[PDB]
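Below you'll find only one chain, the form deposited in one PDB entry, shown as C-alpha cells.
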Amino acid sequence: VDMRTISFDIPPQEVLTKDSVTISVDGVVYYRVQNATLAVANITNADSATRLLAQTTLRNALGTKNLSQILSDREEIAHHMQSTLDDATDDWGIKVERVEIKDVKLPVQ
C-alpha cells in the first residue's frame, strides 16, 4: 500500500444551489494513507471511498449555499470541505491533505 500523497479529480457534479441555480463544479483532492491497516480493513477500498465521499461532501457544501455565497468564498468552501472530508475518511485511516475547487460551470437548460 502506497504511503505517498495521492490525488484525483472529482468528476463534475451537477447540483442545485440553495437558491435553485444549476451548477457543475469540479475539484481535486490530495490525500495520503496514514493508517494502512485501516485503509484495507473496510468493505469499500480507501481510494474508492474517498472519491465517493469527496463527491458527497462537495454536493452537500454547494447545496447549502446560495450561488453568490459560493462564488465569493470558493477558497473557504475548499478548506471547509477538507475538514469535513478528513473527518469522513478517518475510518479508512486516510488523512486528507488538500482540497481544491476549480471552475464553476452554469450549464444551459
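Numbers follow the displayed sequence, beginning with 1. Heads up, when I say rigid core I mean the largest set of C-alphas that superpose within 1.5 Å between the two forms. Shifts are known only where both forms have a C-alpha.
Separately, the form deposited in another entry exists; it is not shown, and the next lines address it.
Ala41 shows a C-alpha shift of 2 Å or greater between the shown form and the other one [criterion: core-superposed Cα displacement of 2 Å]. Positional change of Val104 between the shown form and the other one stays under 2 Å at the C-alpha, relative to the superposed core. Here's the thing about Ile43 and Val96: their CA atoms end up at least 3 Å closer in that other deposited form than they are in this form.
Relative to this form, the distance between the C-alpha atoms of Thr44 and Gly63 is increased by at least 3 angstroms in that other deposited form. Here is what shifts between the shown form and the other one when you lay the two on the core: runs of at least 3 residues, every Cα off by 2 Å or more, at 1-6, 36-44, 73-76.
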